[PDB]
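What follows is a single structure, written as structure tokens, with notes after it.
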Amino acid sequence: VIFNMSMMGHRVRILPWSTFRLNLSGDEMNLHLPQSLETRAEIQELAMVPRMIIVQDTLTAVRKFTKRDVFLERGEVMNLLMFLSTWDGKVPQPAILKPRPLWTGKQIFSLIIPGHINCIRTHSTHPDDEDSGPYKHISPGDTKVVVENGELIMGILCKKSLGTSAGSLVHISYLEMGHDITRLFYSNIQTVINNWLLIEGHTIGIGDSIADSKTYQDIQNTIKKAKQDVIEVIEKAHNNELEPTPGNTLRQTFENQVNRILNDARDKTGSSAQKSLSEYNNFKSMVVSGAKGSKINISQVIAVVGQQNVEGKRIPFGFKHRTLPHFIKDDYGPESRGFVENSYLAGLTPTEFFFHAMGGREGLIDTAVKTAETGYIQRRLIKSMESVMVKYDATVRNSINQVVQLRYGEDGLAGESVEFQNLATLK
Amino acid sequence: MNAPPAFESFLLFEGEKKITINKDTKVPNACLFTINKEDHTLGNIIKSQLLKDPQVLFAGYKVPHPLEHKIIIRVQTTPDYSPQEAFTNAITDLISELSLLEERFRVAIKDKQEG
Amino acid sequence: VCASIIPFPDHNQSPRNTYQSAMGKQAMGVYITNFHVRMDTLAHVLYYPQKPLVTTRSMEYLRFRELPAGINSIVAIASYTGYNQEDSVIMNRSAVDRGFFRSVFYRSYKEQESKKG
Amino acid sequence: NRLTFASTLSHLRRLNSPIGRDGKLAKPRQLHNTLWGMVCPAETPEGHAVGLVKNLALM
Amino acid sequence: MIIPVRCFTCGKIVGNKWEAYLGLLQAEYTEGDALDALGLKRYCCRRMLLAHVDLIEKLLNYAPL
Amino acid sequence: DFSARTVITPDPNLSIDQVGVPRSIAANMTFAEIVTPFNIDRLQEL
Amino acid sequence: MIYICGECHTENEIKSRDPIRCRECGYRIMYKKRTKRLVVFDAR
Amino acid sequence: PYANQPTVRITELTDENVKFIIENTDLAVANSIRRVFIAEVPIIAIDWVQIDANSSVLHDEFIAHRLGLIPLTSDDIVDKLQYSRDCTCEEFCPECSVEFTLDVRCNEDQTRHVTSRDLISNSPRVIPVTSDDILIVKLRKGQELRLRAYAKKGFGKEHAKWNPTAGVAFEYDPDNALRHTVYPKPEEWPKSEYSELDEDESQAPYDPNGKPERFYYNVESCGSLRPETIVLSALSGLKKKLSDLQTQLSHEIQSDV
Amino acid sequence: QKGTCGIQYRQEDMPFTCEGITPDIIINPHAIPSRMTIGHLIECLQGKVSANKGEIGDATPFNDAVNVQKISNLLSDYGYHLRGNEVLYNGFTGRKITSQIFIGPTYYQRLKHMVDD
Amino acid sequence: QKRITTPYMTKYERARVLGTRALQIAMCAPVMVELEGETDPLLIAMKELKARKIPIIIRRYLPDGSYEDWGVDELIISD
Ligand SMILES: [Zn+2]
Ligand SMILES: [Zn+2]
Ligand SMILES: [Zn+2]
């Protein structure tokens, strides 16, 4: 069957319940069935998902799975290997034979890797000085990923290493082996990690949002320092002490100086929040693996939401020289102009809530129009290049047979098989 | 309409063998027991016992799909032993294991009732 | 009315509060008391619409407590079997068999025999 | 909208932004400061007609 | 509409406890104190009684056919 | 043969290429197939 | 068929091609009591 | 190469629940037995409902379904009765089902609610647990609710109403000796009732070699099947299923040979 | 964001806690970061305290009396984790899950969008 | 002769040749290779391509209007 102009074919499996099942790796859909055998054969040969190409629930667990701390007992290994379709049938020798057998997560994942593919990648939390240090090969934090003969000798996997990119395990396997073998790699990762996840488990709670009292004082101290600094800038402008930059005016220059103070506070406090989270913390696990969320999201939850800019600027004076009736006239302070100093966990003040709504409203309006405009570009581009194709003379021509390019891509090579590399004869 | 009958989880389908033993050619002395109309309540019962047997090299179970309601058990043993014997012998131990538990429970249940 | 029923909206993101306003209207529940007498083309009524455990003071004035549109659930935030993605959720079959979220559906059909010709 | 009691209450207090030259020239979708205590800021339908339709504040 | 027969989570009967729950409320007992008397140690069952509304009372106002 | 649109749910057990479909939808949808001696009985029973 | 007035809730037999009105009220809305053919219900 | 001896002791026995500790048992056996209580245990509950006259505010589907959730005191009758599928019947019989009836009518001005006490059953022993009282519906003046119902044996997995367990509290290794669960801050977590540890000790020291043992069980019953009898049926029910697997297994070997 | 019921699990398969409370619904933890709010965790904490203490919690958006720390302290008095985390035993394998799940009585509503229609 | 197209067979050509052959096989067409119980028509054609027995001749139309007759056996397939 084929469904969503590029469409991906699928092999239908009958299931009892009503809703459609898709191995994503919500929205309603209709699936078309090719009646003719000729097109059915063609669809299964070129339009299949393996030739077209991981969920966020697996990448997060993958990072935990490959951690050196993870050790698997004989009983646990049996379940994980059972779901492995590409298994030779022989249980690998345990890393720690005595006092009791204990298979490391990488050993189980080594069989998941198909064939013999070699690549080197780095974990997200990989210190720069670590590579220059003497412990580059023996990573103190297991932040370096190296695969030899299809075995993950070291390194914790993540989106950078396992996720799609210029260089990744899935990408290397696709070029080295192909699409059919690569699909099994996706299936093995999803199945095996899911079974292991039932043992380790992934969760989230208030404890992740609750940080140590030491960091709370630092966050408030930075917020207090930023607030005092903004007042000092306002006082300088009030007394005409502030001098405008030659490339800007006084009113715009003041808005720039205040923005940096507030912007810097969010980043500095937000960065401290990232260091605050412990390894066991679930918030850190998501961002460290890079699966879902972002460091900014944690910053708004723990440290500070940040400035709520409207139309690229701070909250405008909707009323007479005042953002809201509560604030005095011609007030350019943090609270008045929409600076949100309270994190989501702590709770926003009544003034901040409306300012937050104003900022969110702009995003929703932009998102609503962004999809409408972006979708228009996609259809327009396809029509103007629908007839563009590569002929048998290795030339790009349209329906009228006009030569658009002598060779496809000026080289005559497909854009999928090409791999990124850096020749070292010019630097 | 499309909701499967609730009793199909345990009810045996007409003209469908409950147990099927399939030999595995990937490694010698390996067999697959594709039991039907069963859940993890039965898969873990035999896997753990099979591990206790020293003559078992690899034993495990998995469910291809929960809605399928069929469990697959893979057992591998030493050349002298056989996976088929491992599955048969393990079951007998469970029956004995539960018999002692059931019998001992009846011994202790009356003790608490009287005091 | 729709934003009031939300606890800790300040703790919540602005798009999420806006998103709820749409979802709250789409929520199914007891809309009025005299639903049996009237005839509506579409009317979804919940089996056990119970007042929430966490309710806002303004909820009393909206009378949403009297006619709620949902059932509280003991939700455990975990990744179980990997059957739930970002847009998904896992339920308890036994709970549904006890009336966890079951609801009725009413569709009214109208017709008249008129002497047009 | 009689699907839910809350929806019925919101619909009765529903508001519509001006249409024509007045609405076209202005930015009805954008949330203004005057809405504080008069029109609910959070409540607005999602889609192309975002911010055009609003709801009256409770008080 | 009416109190469910049993807890949706575990299955403990809660319908019969509704009649005693209301009777205890008018007996100067606290909202949480009444739950303890009925014997609802789990918070799942206490939810079914503490935060339940009995809509059938208003429906019974209308006369039948 | 366009089918009736239905919601989408995840299923990690299924392969990425594979797609789950209900019995009712598949019943309405039909796939013309040319009968051959090698599968004459298969069409005869169906 | 036998119908029920929407105001007094009393039985009133109305035949085919007969004006729909309650003798005791004049009400113009009538309901149907129930069908004698019972159905099967399963607690699911 | 054989199984162990599951020694079991009982802590406290009461009508609502029974607490017992099983020692020298594998984790899989203990965990499986926990779910055997919920699903495998068969109990008698109302499944076939037919209404002869329903004038209550609630609908027939809602009223008919609610009866199923009401537990029935089937202590030994469930064992002697058999499933409708395996019986030689096309219609419910006493040997593969029981008769239930509920004929009530409200004529008083004051609101009258029909409860499980008015639910009459032909079998004297098979009766509602309360027979305070499980109220079914509230009836207005002039409202009647006459219906006939039947109850049949069924597995817990088939429907939740056939689940006699009102929450099974299964615990093992309360002190976290084997570190099967790791706490980021063990001090904050409270001490479990079964744990034997001092106030100043967050958790017991890790043991390099060990296995799960001394499983704590607290089977809470809904009143249909006594908590002291559910375990007996569950253990026999689980193993009788295990033996059935062996019988079919022998046939497969007979085919291979 | 609305989440479709990815799978329905029987009470046995659901992850039960020490006291034997299988969650009615399990949601994906990866939703909390971006297309969810901390209010869900706070509401779960308030729901646990409200149910345990038998008092309907206050959901005033700007009430300084209600705080996350205050709710956590109240929960600890009823023999529960201050942050609401609980040890959930996996239904399939009885071994304790390494991560302690966060479970609470969160209010949920059923949307009109249904597969049957 | 004097053919300037690539000796290899493109993926599109392979898909169509197998699809057309498979459709022909399902229409009681003869099979050059030996049959060892392969019921599915696609498998029958797949091995035919491997053994270089498919009678289909690919006529690649050049953009200038000229055509080149390339046999499936002559073309170098990838296995
Ligand atoms: Zn409960
Ligand atoms: Zn009348
Ligand atoms: Zn019979």
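Simple scheme: letters A, B, ... for chains in structure tokens order, numbers from 1 for residues in each chain, numbers from 1 for ligands in the order shown.
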Spatial neighbours of stretch 2-15 of chain F, 6 Å, only C-alpha atoms, chain gap at least 3 places, as a ChimeraX atom specification = /A:19-23,26-30,32 /C:83 /F:18 /I:6
Please identify every residue of chain C that has at least one atom no more than 12 Å from any atom of chain F, counting only C-alpha atoms, and report them as JSON, numbers by chain.
-> {"C": [80, 81, 82, 83, 84, 85, 86, 87, 88, 89, 90]}
Given a cut-off of 12 Å, what residues near ligand 1 show up using only C-alpha atoms and all ligand atoms, put as an mmCIF file with C-alpha atoms, in the first residue's frame?
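Below is the file pocket26.cif, written as the result:
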```cif
data_model
loop_
_atom_site.group_PDB
_atom_site.id
_atom_site.type_symbol
_atom_site.label_atom_id
_atom_site.label_comp_id
_atom_site.auth_asym_id
_atom_site.auth_seq_id
_atom_site.Cartn_x
_atom_site.Cartn_y
_atom_site.Cartn_z
ATOM 1 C CA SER C 73 -7.127 9.713 36.214
ATOM 2 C CA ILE C 74 -4.108 8.526 38.190
ATOM 3 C CA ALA C 95 -10.265 0.715 33.907
ATOM 4 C CA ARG C 98 -15.228 -0.308 34.678
ATOM 5 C CA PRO E 4 -19.572 4.526 39.774
ATOM 6 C CA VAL E 5 -19.949 1.078 41.300
ATOM 7 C CA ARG E 6 -16.231 0.520 41.885
ATOM 8 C CA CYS E 7 -12.899 2.288 41.589
ATOM 9 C CA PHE E 8 -11.698 2.427 37.990
ATOM 10 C CA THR E 9 -8.098 1.901 39.126
ATOM 11 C CA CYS E 10 -8.172 -1.124 41.455
ATOM 12 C CA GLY E 11 -11.835 -2.149 41.579
ATOM 13 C CA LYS E 12 -12.827 -1.418 45.167
ATOM 14 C CA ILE E 13 -16.539 -0.738 45.574
ATOM 15 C CA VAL E 14 -17.308 2.974 45.928
ATOM 16 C CA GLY E 15 -21.002 3.246 45.028
ATOM 17 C CA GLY E 39 -12.142 2.729 54.738
ATOM 18 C CA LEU E 40 -10.536 4.320 51.667
ATOM 19 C CA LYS E 41 -6.806 4.177 52.386
ATOM 20 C CA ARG E 42 -5.793 4.428 48.723
ATOM 21 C CA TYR E 43 -5.935 7.869 47.133
ATOM 22 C CA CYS E 44 -7.448 6.379 43.965
ATOM 23 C CA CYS E 45 -10.665 5.478 45.795
ATOM 24 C CA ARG E 46 -10.712 8.689 47.842
ATOM 25 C CA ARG E 47 -10.785 10.525 44.508
ATOM 26 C CA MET E 48 -14.024 8.789 43.503
ATOM 27 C CA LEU E 49 -15.769 10.206 46.602
ATOM 28 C CA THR H 165 -8.706 -8.345 43.377
ATOM 29 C CA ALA H 166 -9.306 -4.813 44.677
ATOM 30 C CA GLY H 167 -5.649 -3.904 44.220
ATOM 31 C CA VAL H 168 -2.754 -6.310 44.802
ATOM 32 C CA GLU H 220 -7.404 -7.300 48.699
ATOM 33 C CA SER H 221 -10.749 -8.784 47.655
ATOM 34 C CA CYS H 222 -13.894 -6.992 46.498
ATOM 35 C CA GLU I 19 0.459 -0.422 47.320
ATOM 36 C CA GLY I 20 -1.018 -1.982 44.171
ATOM 37 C CA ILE I 21 -2.236 1.057 42.218
ATOM 38 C CA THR I 22 -1.935 0.463 38.476
ATOM 39 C CA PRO I 23 -2.029 3.860 36.715
ATOM 40 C CA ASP I 24 -5.179 4.419 34.687
ATOM 41 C CA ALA I 51 -7.014 12.986 47.434
ATOM 42 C CA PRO I 105 -4.467 12.016 39.955
#
```
Could you please determine the separation between atom CA of residue H:237 and atom CA of residue H:126 in Å, to one decimal place?
-> 21.1 Å
Excluding stretch 72-80 of chain I and residues on its chain fewer than 3 positions from it, collect all residues at most 6 Å away from it, counting only C-alpha atoms, and give them as number ranges by chain.
-> I: 49, 69, 83
Pull N, CA and C atoms from the residues just selected and write them as a PDB file, in the first residue's frame.
```pdb
ATOM      1  N   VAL I  49      -2.073  15.234  46.955  1.00  0.00           N
ATOM      2  CA  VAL I  49      -2.329  15.809  48.271  1.00  0.00           C
ATOM      3  C   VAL I  49      -3.826  15.965  48.501  1.00  0.00           C
ATOM      4  N   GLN I  69       6.615  23.979  46.818  1.00  0.00           N
ATOM      5  CA  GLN I  69       7.241  23.489  48.042  1.00  0.00           C
ATOM      6  C   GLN I  69       6.196  23.166  49.101  1.00  0.00           C
ATOM      7  N   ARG I  83       8.123  14.895  46.130  1.00  0.00           N
ATOM      8  CA  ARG I  83       8.011  15.258  44.724  1.00  0.00           C
ATOM      9  C   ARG I  83       7.005  14.398  43.970  1.00  0.00           C
TER      10      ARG I  83
END
```
Output the neighbourhood of ligand 3 as JSON, numbers by chain, that is, all protein and nucleic acid residues with some atom at most 7 Å from the ligand, counting only C-alpha atoms and all ligand atoms.
-> {"H": [84, 87, 88, 89, 91, 92, 93, 94, 95, 96, 97]}
Can you build me a table of chain G residues sitting at most 8 Å from ligand 2, with the closest atom pair per residue and its distance in Å to one decimal, using only C-alpha atoms and all ligand atoms, sorted by chain and residue number, as a tab-separated table?
```
residue	atom	partner	partner_atom_place_in_ligand_line	distance
G:4	CA	ligand 2	1 (Zn)	7.5
G:5	CA	ligand 2	1 (Zn)	4.4
G:6	CA	ligand 2	1 (Zn)	6.4
G:7	CA	ligand 2	1 (Zn)	5.0
G:8	CA	ligand 2	1 (Zn)	4.0
G:9	CA	ligand 2	1 (Zn)	6.0
G:10	CA	ligand 2	1 (Zn)	6.0
G:22	CA	ligand 2	1 (Zn)	4.8
G:23	CA	ligand 2	1 (Zn)	6.6
G:24	CA	ligand 2	1 (Zn)	5.0
G:25	CA	ligand 2	1 (Zn)	4.4
G:26	CA	ligand 2	1 (Zn)	6.6
G:27	CA	ligand 2	1 (Zn)	6.0
```
If we count only C-alpha atoms, which residues of chain C reach to within 12 Å of chain H? Please list them as a PDB file with N, CA, C and O atoms, in the first residue's frame.
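See part.pdb below for the written result:
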```
ATOM      1  N   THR C  33     -28.818  19.894  31.779  1.00  0.00           N
ATOM      2  CA  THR C  33     -29.543  18.863  32.511  1.00  0.00           C
ATOM      3  C   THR C  33     -30.711  18.297  31.711  1.00  0.00           C
ATOM      4  O   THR C  33     -30.985  17.094  31.790  1.00  0.00           O
ATOM      5  N   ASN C  34     -31.403  19.135  30.941  1.00  0.00           N
ATOM      6  CA  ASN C  34     -32.569  18.696  30.173  1.00  0.00           C
ATOM      7  C   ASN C  34     -32.156  18.267  28.763  1.00  0.00           C
ATOM      8  O   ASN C  34     -32.701  18.708  27.752  1.00  0.00           O
ATOM      9  N   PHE C  35     -31.167  17.374  28.712  1.00  0.00           N
ATOM     10  CA  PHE C  35     -30.720  16.817  27.443  1.00  0.00           C
ATOM     11  C   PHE C  35     -31.671  15.761  26.895  1.00  0.00           C
ATOM     12  O   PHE C  35     -31.800  15.644  25.672  1.00  0.00           O
ATOM     13  N   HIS C  36     -32.333  14.996  27.762  1.00  0.00           N
ATOM     14  CA  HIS C  36     -33.261  13.962  27.321  1.00  0.00           C
ATOM     15  C   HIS C  36     -34.470  14.525  26.585  1.00  0.00           C
ATOM     16  O   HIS C  36     -34.891  13.950  25.575  1.00  0.00           O
ATOM     17  N   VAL C  37     -35.037  15.630  27.064  1.00  0.00           N
ATOM     18  CA  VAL C  37     -36.226  16.193  26.433  1.00  0.00           C
ATOM     19  C   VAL C  37     -35.915  16.805  25.070  1.00  0.00           C
ATOM     20  O   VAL C  37     -36.697  16.640  24.128  1.00  0.00           O
ATOM     21  N   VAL C  45     -22.477  12.973  25.938  1.00  0.00           N
ATOM     22  CA  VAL C  45     -22.649  13.052  27.383  1.00  0.00           C
ATOM     23  C   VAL C  45     -21.793  11.970  28.024  1.00  0.00           C
ATOM     24  O   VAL C  45     -21.804  10.816  27.581  1.00  0.00           O
ATOM     25  N   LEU C  46     -21.054  12.346  29.064  1.00  0.00           N
ATOM     26  CA  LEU C  46     -20.116  11.439  29.706  1.00  0.00           C
ATOM     27  C   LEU C  46     -20.821  10.583  30.751  1.00  0.00           C
ATOM     28  O   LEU C  46     -21.758  11.034  31.416  1.00  0.00           O
ATOM     29  N   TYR C  47     -20.364   9.335  30.892  1.00  0.00           N
ATOM     30  CA  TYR C  47     -20.975   8.428  31.860  1.00  0.00           C
ATOM     31  C   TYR C  47     -20.825   8.956  33.280  1.00  0.00           C
ATOM     32  O   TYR C  47     -21.806   9.048  34.028  1.00  0.00           O
ATOM     33  N   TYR C  48     -19.603   9.310  33.670  1.00  0.00           N
ATOM     34  CA  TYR C  48     -19.283   9.696  35.044  1.00  0.00           C
ATOM     35  C   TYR C  48     -18.503  11.003  35.036  1.00  0.00           C
ATOM     36  O   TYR C  48     -17.302  11.028  35.331  1.00  0.00           O
ATOM     37  N   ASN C  92      -5.504   2.079  30.432  1.00  0.00           N
ATOM     38  CA  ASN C  92      -5.666   0.846  31.194  1.00  0.00           C
ATOM     39  C   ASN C  92      -6.956   0.171  30.740  1.00  0.00           C
ATOM     40  O   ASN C  92      -8.050   0.704  30.954  1.00  0.00           O
ATOM     41  N   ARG C  93      -6.827  -1.005  30.122  1.00  0.00           N
ATOM     42  CA  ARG C  93      -7.997  -1.699  29.593  1.00  0.00           C
ATOM     43  C   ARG C  93      -8.986  -2.038  30.701  1.00  0.00           C
ATOM     44  O   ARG C  93     -10.202  -1.886  30.526  1.00  0.00           O
ATOM     45  N   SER C  94      -8.487  -2.503  31.848  1.00  0.00           N
ATOM     46  CA  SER C  94      -9.381  -2.862  32.945  1.00  0.00           C
ATOM     47  C   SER C  94     -10.188  -1.658  33.413  1.00  0.00           C
ATOM     48  O   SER C  94     -11.379  -1.781  33.721  1.00  0.00           O
ATOM     49  N   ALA C  95      -9.556  -0.484  33.475  1.00  0.00           N
ATOM     50  CA  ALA C  95     -10.265   0.715  33.907  1.00  0.00           C
ATOM     51  C   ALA C  95     -11.422   1.035  32.969  1.00  0.00           C
ATOM     52  O   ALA C  95     -12.528   1.357  33.418  1.00  0.00           O
ATOM     53  N   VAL C  96     -11.186   0.950  31.658  1.00  0.00           N
ATOM     54  CA  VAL C  96     -12.245   1.247  30.697  1.00  0.00           C
ATOM     55  C   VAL C  96     -13.407   0.279  30.875  1.00  0.00           C
ATOM     56  O   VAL C  96     -14.578   0.658  30.747  1.00  0.00           O
ATOM     57  N   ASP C  97     -13.104  -0.985  31.174  1.00  0.00           N
ATOM     58  CA  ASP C  97     -14.164  -1.963  31.399  1.00  0.00           C
ATOM     59  C   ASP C  97     -15.020  -1.591  32.603  1.00  0.00           C
ATOM     60  O   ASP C  97     -16.159  -2.058  32.717  1.00  0.00           O
ATOM     61  N   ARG C  98     -14.497  -0.761  33.504  1.00  0.00           N
ATOM     62  CA  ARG C  98     -15.228  -0.308  34.678  1.00  0.00           C
ATOM     63  C   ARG C  98     -15.911   1.039  34.468  1.00  0.00           C
ATOM     64  O   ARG C  98     -16.531   1.558  35.403  1.00  0.00           O
ATOM     65  N   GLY C  99     -15.812   1.615  33.272  1.00  0.00           N
ATOM     66  CA  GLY C  99     -16.394   2.915  33.007  1.00  0.00           C
ATOM     67  C   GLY C  99     -15.434   4.069  33.167  1.00  0.00           C
ATOM     68  O   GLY C  99     -15.794   5.083  33.775  1.00  0.00           O
ATOM     69  N   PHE C 100     -14.215   3.946  32.636  1.00  0.00           N
ATOM     70  CA  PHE C 100     -13.194   4.959  32.882  1.00  0.00           C
ATOM     71  C   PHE C 100     -13.478   6.243  32.111  1.00  0.00           C
ATOM     72  O   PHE C 100     -13.365   7.343  32.665  1.00  0.00           O
ATOM     73  N   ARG C 102     -16.085   6.090  29.287  1.00  0.00           N
ATOM     74  CA  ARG C 102     -17.183   5.798  28.377  1.00  0.00           C
ATOM     75  C   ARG C 102     -18.192   6.942  28.350  1.00  0.00           C
ATOM     76  O   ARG C 102     -18.433   7.616  29.356  1.00  0.00           O
ATOM     77  N   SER C 103     -18.785   7.152  27.177  1.00  0.00           N
ATOM     78  CA  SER C 103     -19.738   8.233  26.972  1.00  0.00           C
ATOM     79  C   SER C 103     -20.766   7.795  25.937  1.00  0.00           C
ATOM     80  O   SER C 103     -20.540   6.860  25.165  1.00  0.00           O
ATOM     81  N   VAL C 104     -21.902   8.487  25.931  1.00  0.00           N
ATOM     82  CA  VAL C 104     -22.985   8.205  25.000  1.00  0.00           C
ATOM     83  C   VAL C 104     -22.890   9.170  23.826  1.00  0.00           C
ATOM     84  O   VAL C 104     -22.212  10.200  23.878  1.00  0.00           O
ATOM     85  N   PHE C 105     -23.587   8.820  22.746  1.00  0.00           N
ATOM     86  CA  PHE C 105     -23.657   9.644  21.545  1.00  0.00           C
ATOM     87  C   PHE C 105     -25.106   9.714  21.091  1.00  0.00           C
ATOM     88  O   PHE C 105     -25.768   8.678  20.962  1.00  0.00           O
ATOM     89  N   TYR C 106     -25.595  10.928  20.851  1.00  0.00           N
ATOM     90  CA  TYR C 106     -26.959  11.158  20.393  1.00  0.00           C
ATOM     91  C   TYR C 106     -26.920  11.804  19.016  1.00  0.00           C
ATOM     92  O   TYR C 106     -26.217  12.800  18.814  1.00  0.00           O
TER      93      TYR C 106
END
```
For chain A, which residues have at least one atom within 10 Å of chain H, if we go by only C-alpha atoms? Write them as a ChimeraX atom specification, please.
-> /A:99-100,199-200,207,278-281
Based on the selection just made, write N, CA and C atoms of those residues as a JSON list (two decimals), in the first residue's frame.
```
[["chain", "number", "residue", "atom", "x", "y", "z"],
["A", 99, "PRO", "N", 32.85, -11.86, 39.30],
["A", 99, "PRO", "CA", 32.31, -13.05, 39.97],
["A", 99, "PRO", "C", 31.04, -13.60, 39.31],
["A", 100, "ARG", "N", 30.30, -12.75, 38.61],
["A", 100, "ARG", "CA", 29.11, -13.16, 37.89],
["A", 100, "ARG", "C", 29.12, -12.56, 36.49],
["A", 199, "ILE", "N", 12.98, -2.28, 31.99],
["A", 199, "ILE", "CA", 13.81, -2.55, 33.16],
["A", 199, "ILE", "C", 14.39, -1.27, 33.75],
["A", 200, "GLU", "N", 15.04, -0.46, 32.91],
["A", 200, "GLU", "CA", 15.57, 0.82, 33.38],
["A", 200, "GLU", "C", 14.45, 1.81, 33.65],
["A", 207, "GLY", "N", 10.63, 16.55, 40.97],
["A", 207, "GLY", "CA", 12.00, 16.53, 41.44],
["A", 207, "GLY", "C", 12.99, 17.00, 40.39],
["A", 278, "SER", "N", 21.60, 16.90, 37.93],
["A", 278, "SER", "CA", 22.47, 15.76, 38.12],
["A", 278, "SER", "C", 22.28, 14.75, 37.00],
["A", 279, "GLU", "N", 23.16, 13.74, 36.97],
["A", 279, "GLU", "CA", 23.05, 12.70, 35.95],
["A", 279, "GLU", "C", 21.74, 11.94, 36.08],
["A", 280, "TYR", "N", 21.33, 11.64, 37.32],
["A", 280, "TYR", "CA", 20.08, 10.91, 37.52],
["A", 280, "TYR", "C", 18.88, 11.73, 37.06],
["A", 281, "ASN", "N", 19.01, 13.05, 37.04],
["A", 281, "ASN", "CA", 17.89, 13.91, 36.69],
["A", 281, "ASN", "C", 17.38, 13.59, 35.29]]
```
Using only C-alpha atoms, determine which residues lie at most 10 Å from residue C:70, disregarding the query and same-chain residues fewer than 4 positions distant; provide the list as a PyMOL selection string.
-> (chain C and resi 24+27-30+46-52+101) or (chain I and resi 107-111)
Identify, on the basis of only C-alpha atoms, every residue whose closest approach to residue D:3 does not exceed 7 Å; exclude the query and any residue fewer than 4 positions from it along the same chain; express the result as a PyMOL selection string.
-> (chain C and resi 28+31+43-44) or (chain D and resi 7)
Would you save the residues of that selection, restricted to N, CA and C atoms, as a PDB file, in the first residue's frame?
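File written: again35.pdb
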```
ATOM      1  N   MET C  28     -15.986  16.576  25.641  1.00  0.00           N
ATOM      2  CA  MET C  28     -17.341  16.048  25.725  1.00  0.00           C
ATOM      3  C   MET C  28     -17.739  15.892  27.186  1.00  0.00           C
ATOM      4  N   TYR C  31     -23.646  18.822  29.013  1.00  0.00           N
ATOM      5  CA  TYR C  31     -23.722  20.230  28.632  1.00  0.00           C
ATOM      6  C   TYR C  31     -24.860  20.938  29.356  1.00  0.00           C
ATOM      7  N   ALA C  43     -24.646  15.411  20.318  1.00  0.00           N
ATOM      8  CA  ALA C  43     -24.650  15.629  21.762  1.00  0.00           C
ATOM      9  C   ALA C  43     -23.917  14.467  22.416  1.00  0.00           C
ATOM     10  N   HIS C  44     -22.757  14.752  23.000  1.00  0.00           N
ATOM     11  CA  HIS C  44     -21.958  13.753  23.697  1.00  0.00           C
ATOM     12  C   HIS C  44     -22.067  13.999  25.198  1.00  0.00           C
TER      13      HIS C  44
ATOM     14  N   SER D   7     -18.264  25.497  26.728  1.00  0.00           N
ATOM     15  CA  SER D   7     -18.283  25.984  25.352  1.00  0.00           C
ATOM     16  C   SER D   7     -19.478  26.897  25.112  1.00  0.00           C
TER      17      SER D   7
END
```
List the spatial neighbours of residue A:170 as a short mmCIF file (atom, residue, chain, number, x, y, z; two decimals) with C-alpha atoms, in the first residue's frame - criterion: any atom at most 12 Å away, only C-alpha atoms, same-chain residues fewer than 5 positions off excluded.
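Writing done, so here's result11.cif:
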```cif
data_model
loop_
_atom_site.label_atom_id
_atom_site.label_comp_id
_atom_site.auth_asym_id
_atom_site.auth_seq_id
_atom_site.Cartn_x
_atom_site.Cartn_y
_atom_site.Cartn_z
CA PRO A 50 13.82 1.79 3.49
CA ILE A 53 15.20 7.09 4.40
CA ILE A 54 14.46 7.48 15.40
CA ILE A 112 22.55 -4.68 16.69
CA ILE A 113 25.13 -2.98 14.47
CA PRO A 114 24.98 -4.84 11.11
CA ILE A 117 31.05 -0.62 9.80
CA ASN A 118 33.65 1.72 11.31
CA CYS A 119 33.02 5.34 12.28
CA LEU A 157 25.24 7.00 21.59
CA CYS A 158 22.87 9.92 21.02
CA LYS A 159 21.23 11.89 18.22
CA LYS A 160 24.67 13.08 17.08
CA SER A 161 25.97 9.50 16.77
CA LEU A 162 22.80 7.50 16.06
CA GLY A 163 20.49 10.21 14.74
CA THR A 164 20.42 11.18 11.09
CA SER A 165 23.23 13.58 10.16
CA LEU A 175 26.16 3.68 2.32
CA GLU A 176 28.20 0.68 3.46
CA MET A 177 25.43 -1.95 3.37
CA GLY A 178 22.29 -0.46 1.81
CA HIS A 179 18.69 0.35 2.65
CA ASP A 180 17.37 -3.13 3.48
CA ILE A 181 20.08 -3.74 6.08
CA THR A 182 19.66 -0.20 7.41
CA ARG A 183 15.94 -0.77 8.06
CA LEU A 184 16.73 -3.80 10.22
CA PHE A 185 19.12 -1.56 12.15
CA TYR A 186 16.24 0.81 12.92
CA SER A 187 13.92 -2.06 13.88
CA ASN A 188 16.52 -3.74 16.10
CA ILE A 189 17.26 -0.48 17.93
#
```
